[PDB]
């Protein structure tokens, strides 16, 4: 009996039927997923297995909690009938955020807008998307006249869908007809429904992200392309007046990121672009944020000073994915602290924050730090710490190809954690897994002696401590990567770390912190 999870996929009512009761468990059966044994499987667990438990808190202090909401998290072909069970989607309902008497986030960040001409991401540089959305007359025109212009790269998910976007029936209309605020369905229509329920909620577009930063370096160098880019912002902000913020998540100026063109000039060029967007005087655009790596060497390479000199008002510090497979050592993925000589957990929020404030003279209040709705794992792992309960995490792994995850190998998402890996209500691990608190990092991890799988994750305890860090250090606030993953437990912990008075109580968080 649980206030956090369901014991069986409750399904989803669509067109007066519910075709996906138990769908999550049918997938598990088809794939032979067993939590206490599987080291090398995907779960495909839908967020439907979690109960929705966002509290709300007074949020009118000097901090803000932001939410990256991904436009692919709505999908799950299991919803429609009984045909597909060997794979699935996240099925993340935008309506989990529709709380009474407040909001779990001040600002929802649509993730992600792509760029016309981006041939790293798209074989045709998103040209067919441009035509479908009605911003180009044919694919040649898209590239010839609109290179550098932003558009959502998933028009179904952005402006057409009903399921998990707050709408209850299919209606005729193409993406071109629905690519504006009034007519949108999809996640942008879902954002509008939340806008209509809550006038204080803010909306940001994030352009770029890890897979879509391939075109930034080229755009920022070029007058004509920068001008197309600014036009892209004006167009989107005219189509969707409810938007008021822009996150240009170029990952990262001056360094390799996912394999992008890059140049030492990138940060200085990006600053020209920021100024050029400001100069357009888009009446509803109140603020521009950018992304920063947590690696001080990559921070140096980004020329953060140039960007702040051009009037950037926020830095979303991408404090997650610190554990990357490849070097055979375990690591925390989103930890606040580390010992300076640590070769396992090589990065930390604190190292990065300190670097920005002390070396780059960034205003602390501009900085937002991340908490994560997902994990970074390695199978075939060995914990080598001498006293795990008192000492910093150390450990190694051999072959971690095809490690346990939810939708992609090596990454479990939050629903899987609370349903099959950790029982926060009983205060202990599930299915042969044990939770360890690393007091040096102030981060928790999960590990099973039986499966040999190591799982680095955020918990209520660490997210609360991140909220505490933000407050102590006078930072801007926190963001979740990504908010569609959270059932509310993570975000509750953030608000509590900020010392916020509760307004609407759905769940008592007290027993979930475990000291």
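Positions refer to the first chain, counted from 1.
A.B. asks: Please work out which of 489-497 and 10-18 has the higher mean CA B-factor as recorded in the PDB entry.
C.D. replies: Looking at the recorded C-alpha B-factors, 10-18 comes out higher on average.
A.B. asks: Name the higher of the two by mean Cα B-factor in the PDB entry, 222-230 versus 244-252.
C.D. replies: Looking at the recorded C-alpha B-factors, 222-230 comes out higher on average.
A.B. asks: When you compare the CA B-factors of 142, 151, 357, 187 as listed in the entry, which one comes out on top?
C.D. replies: In this record, 357 carries the highest C-alpha B-factor of the candidates.
A.B. asks: Which listed residue, 390, 124, 76, 156, has the largest C-alpha temperature factor in the record?
C.D. replies: So the option with the highest C-alpha B-factor is 390.
A.B. asks: Please place residue 484 in the lowest, middle or highest third of its chain by C-alpha B factor as given in the entry.
C.D. replies: Lowest third of the chain for residue 484's C-alpha B-factor.
A.B. asks: Please rank the C-alpha B-factors of the chain's modelled residues and tell me whether residue 349 sits in the lowest, middle or highest third.
C.D. replies: Within its chain, residue 349 is a middle-third residue by C-alpha B-factor, going by the deposited values.
A.B. asks: Relative to the other modelled residues of the same chain, rank the CA B-factor of residue 405 and answer lowest, middle or highest third.
C.D. replies: Its C-alpha B-factor belongs to the middle third of this chain's values.
A.B. asks: Based on the deposited C-alpha B factors for this chain, I'd like to know if residue 469 is in the lowest, middle or highest third.
C.D. replies: Middle third by C-alpha B-factor.
A.B. asks: Within this chain, which third does the Cα B-factor at residue 130 fall in: lowest, middle or highest?
C.D. replies: As the PDB entry reports it, the C-alpha B-factor of residue 130 lands in the lowest third of its chain.
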